[PDB]
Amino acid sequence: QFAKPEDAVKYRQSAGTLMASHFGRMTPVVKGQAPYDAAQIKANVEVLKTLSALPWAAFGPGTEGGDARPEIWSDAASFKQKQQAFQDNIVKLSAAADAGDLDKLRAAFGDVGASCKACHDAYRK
């Protein structure tokens, strides 16, 4: 859906921006510094679920650029393993939120966050 590689870069960076907001806004809840309203967090994680699937299709043919490392395209299976496992971790976060289980949310949140970081450490300049 991108007329130029620059358009893919703009897309995936905006997806990243929105994920960071929907993920990071829960830090105070996970830490107990903000109250836990199970319904609020269930809805937010649903947003995060939708966004979490979006970046990967914007690293398609010829879309090199931004702060993507070139290792993304030449090691297609290792990068894929990492996005698929990130979204696994997102399913687990969905399950905790949908259950209204804060303990479970805290653990699942940390796993998601570790997955984000692991991919950036390998694949983001």
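Residues carry their position along the shown sequence, with the first being 1.
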- prompt: Given the B-factors recorded for C-alpha atoms, which segment has the greater mean, 40 to 48 or 56 to 64?
  reply: 56 to 64
- line: Mean Cα B-factor check, 71 to 79 vs 29 to 37, entry values; winner is 71 to 79
statement: Note to self: of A20, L102, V9, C116, the C-alpha temperature factor tops out at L102
- prompt: What third of the chain, by the recorded C-alpha B-factor, contains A108?
  reply: middle
